[PDB]
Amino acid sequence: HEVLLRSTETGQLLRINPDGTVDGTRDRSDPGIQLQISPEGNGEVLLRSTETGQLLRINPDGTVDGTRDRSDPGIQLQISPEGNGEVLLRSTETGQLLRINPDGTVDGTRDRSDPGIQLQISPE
């Protein structure tokens, strides 16, 4: 059961790249967009790339990238629904919201008014 994470604003899909960078793409054939949700209990989940096995990480400096370190505190995420299939994704450790920017860069923010935090999650 894989899912795709998508910006409501632009339709750009979140991608975890083989080089560990995380960004957005409109390429539905990119293998870096297929993600697996793994429950950690207590309302937390991990997001893992099927293609390379890398985990999505939101870092304390606001950068977002891929890691293999299961002990990294930045991998714990919470999916908070806003209604009608729109969600916010936050780091447990720092409370930062994942943001997909219109230029396809991906980073962390605290701005609840930022259009790039508005995400959709759909099954593959």
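Throughout, we count residues from 1 along the sequence that is shown.
### Query
If you average the Cα B factors in the entry, which is higher, 57-65 or 84-92?
Between 57-65 and 84-92, it is 84-92 that shows the higher mean C-alpha B-factor.
### Message
Tell me which stretch has the larger mean Cα B-factor in this entry, 103-111 or 21-29.
### Response
Result: 21-29.
#### Entry: residue 5 - which third its CA temperature factor falls in, relative to the rest of the chain
Its C-alpha B-factor, which the entry lists for residue 5, ranks in the lowest third among residues of this chain.
### Task
Would you mind checking where the Cα B-factor of residue 75 ranks among the modelled residues of its chain, as the lowest, middle or highest third?
CA B-factor rank for residue 75: highest third.
### Query
Is the Cα B-factor recorded for residue 47 in the lowest, middle or highest third of its chain?
For residue 47, whose C-alpha B-factor we compare with every modelled residue in the chain, the answer is the middle third.
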